[PDB]
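Colleague: Please read through the structure below; I'll follow up with questions.
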Amino acid sequence: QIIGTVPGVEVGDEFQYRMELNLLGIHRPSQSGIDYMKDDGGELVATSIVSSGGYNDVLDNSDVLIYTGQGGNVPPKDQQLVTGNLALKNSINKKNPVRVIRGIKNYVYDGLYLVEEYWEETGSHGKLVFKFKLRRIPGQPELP
Amino acid sequence: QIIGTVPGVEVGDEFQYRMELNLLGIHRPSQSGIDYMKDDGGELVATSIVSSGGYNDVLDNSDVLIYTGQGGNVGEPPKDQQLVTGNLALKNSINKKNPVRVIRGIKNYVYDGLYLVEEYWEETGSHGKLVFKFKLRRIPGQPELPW
DNA sequence: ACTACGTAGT
DNA sequence: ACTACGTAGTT
Ligand SMILES: [Mg+2]
């Protein structure tokens, strides 16, 4: 469970399957968009996320990414501040890097990001959704 | 769609996940336990099976394997398994006497070698619905798997 | 647009 | 036993 850059894995590096990410230690979950662990105080923190179209994420060509939280069937219900969602929230204060893998060879490693903030939105269904603002840490190579 | 031994793939060779099997040409389906094709005459035949715990397969340490058919919600309202697709392929493979690759789950999968399908039968489970069982015997003369 | 012994953590 | 940004081959 590495935080930050993983040996041998360069920005721009591509992969065909979620499990290749698992093998390399990039992203563990087979399916879940968010991977996390415990810190040196047992609070949850985020290590990596996947944005592959599973939700309505905002992936322009900028250093900022809006990542939707997980859950809530997205019969609709409120997303919840536990697990990955929680991990991501905590990662704002912890200011730790988070690997970002983007879907498109179906996945590219996008580099490191910090979680700057989060908020709740209320969708059409009437239920709660989380949104996380991640900014790409400066100084890294660029992905075409 | 190869029948029998696949180049480079030796008995005892291990694999972490199912798509690796697909890549090597060992077992094509992403999820399904049975892989098949059509023969010179367009009848279905089986090429490989996976036994990973998805059902109640009998996997002692012998040359004989009891493999459960697919379907019927058995891995969700119970119903009769049906003699089509893989099940059918496996049935036909009894007469055709062709080898079938066997991959066993446990690095989560091992190649177990080649087997022949010797017979099949129907069982009636508690639910009251039909299930197929296939008796496969390991072809003699192959290396052995540790266990 | 389906069936399907997927698959890694609560 | 459930949760969850998973996949091939349509036989
Ligand atoms: Mg069909």
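Every chain in the structure tokens has a letter given in the order shown (A, B, ...), and although residue numbers restart at 1 in each chain, ligands are simply numbered from 1 in the order shown.
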Excluding residue D:8 and residues on its chain fewer than 3 positions from it, collect all residues at most 10 Å away from it, counting only C-alpha atoms (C1' of nucleotides), and give them as a ChimeraX atom specification.
Modeller: /B:19,22,28-32 /C:4
Colleague: Ligand 1: which residues are within 10 Å, counting only C-alpha atoms (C1' of nucleotides) and all ligand atoms? Reply as a count of residues only.
Modeller: 7
Colleague: Return as a tab-separated table the residues of chain C lying at most 10 Å from chain A, together with the closest atom-to-atom pair for each and the distance in Å to one decimal, counting only C-alpha atoms (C1' of nucleotides), with rows in chain order and ascending residue number.
Modeller:
```
residue	atom	partner	partner_atom	distance
C:6	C1'	A:30	CA	9.2
C:7	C1'	A:30	CA	5.7
C:8	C1'	A:29	CA	5.3
C:9	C1'	A:29	CA	7.0
C:10	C1'	A:83	CA	8.3
```
Colleague: In Å, rounded to a single decimal, give me how far atom CA of residue B:118 is from atom CA of residue B:1.
Modeller: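 Rounded to one decimal, the two atoms are 22.2 Å apart.
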Colleague: Using only C-alpha atoms, tabulate the residues of chain A lying at most 10 Å from any atom of chain B, each with its closest atom pair and that distance in Å to one decimal, by chain and increasing residue number, as a Markdown table.
Modeller:
```
| residue | atom | partner | partner_atom | distance |
| --- | --- | --- | --- | --- |
| A:17 | CA | B:19 | CA | 8.5 |
| A:19 | CA | B:17 | CA | 7.8 |
| A:20 | CA | B:17 | CA | 9.8 |
| A:23 | CA | B:16 | CA | 9.0 |
```
Colleague: I'd like to know which residues of stretch 38-134 of chain A are strand (DSSP E) (by DSSP, run on the backbone); could you write them as JSON, numbers by chain?
Modeller: {"A": [38, 44, 45, 46, 47, 48, 49, 50, 51, 64, 65, 66, 67, 68, 98, 99, 100, 101, 102, 103, 107, 108, 109, 110, 111, 112, 113, 114, 115, 116, 117, 118, 119, 120, 121, 122, 128, 129, 130, 131, 132, 133, 134]}
Colleague: Mind listing as a PyMOL selection string which residues of chain A are within 6 Å of chain D, counting only C-alpha atoms (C1' of nucleotides)?
Modeller: chain A and resi 31-33+51-54
Colleague: Give me every helix (DSSP H, G or I) residue in chain A, going by DSSP on the backbone, as a list in words.
Modeller: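 Of chain A, only residues 18, 19, 20, 21, 22, 23, 24, 83, 84, 85, 86, 87, 88, 89, 90, 91, 92, 93 and 94 of chain A fall in helix (DSSP H, G or I).
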Colleague: Please, could you write that set of residues out with C-alpha atoms as an mmCIF file, in the first residue's frame?
Modeller:
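Saved to part-v6.cif:
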```cif
data_model
loop_
_atom_site.group_PDB
_atom_site.id
_atom_site.type_symbol
_atom_site.label_atom_id
_atom_site.label_comp_id
_atom_site.auth_asym_id
_atom_site.auth_seq_id
_atom_site.Cartn_x
_atom_site.Cartn_y
_atom_site.Cartn_z
ATOM 1 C CA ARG A 18 -8.077 -3.157 -13.786
ATOM 2 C CA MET A 19 -6.100 -6.138 -12.547
ATOM 3 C CA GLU A 20 -2.876 -4.951 -14.215
ATOM 4 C CA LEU A 21 -3.172 -1.920 -11.933
ATOM 5 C CA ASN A 22 -3.574 -4.263 -8.996
ATOM 6 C CA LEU A 23 -0.522 -6.273 -10.040
ATOM 7 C CA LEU A 24 1.709 -3.204 -10.270
ATOM 8 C CA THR A 83 -15.043 4.079 2.953
ATOM 9 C CA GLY A 84 -13.592 5.745 -0.142
ATOM 10 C CA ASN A 85 -15.685 8.881 0.169
ATOM 11 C CA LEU A 86 -14.442 9.262 3.737
ATOM 12 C CA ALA A 87 -10.881 8.400 2.722
ATOM 13 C CA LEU A 88 -10.970 11.139 0.095
ATOM 14 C CA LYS A 89 -12.406 13.666 2.560
ATOM 15 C CA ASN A 90 -9.675 12.921 5.100
ATOM 16 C CA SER A 91 -7.071 13.273 2.364
ATOM 17 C CA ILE A 92 -7.830 16.990 2.184
ATOM 18 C CA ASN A 93 -6.392 17.632 5.659
ATOM 19 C CA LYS A 94 -3.651 14.992 5.284
#
```
Colleague: Grab the atom CA of residue A:101 to atom CA of residue A:26 distance for me, in Å with one decimal place.
Modeller: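 Those two atoms sit 8.6 Å apart.
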Colleague: Grab the atom CA of residue B:36 to atom CA of residue B:102 distance for me, in Å with one decimal place.
Modeller: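 If I compute the distance from atom CA of residue B:36 to atom CA of residue B:102, I get 12.7 Å.
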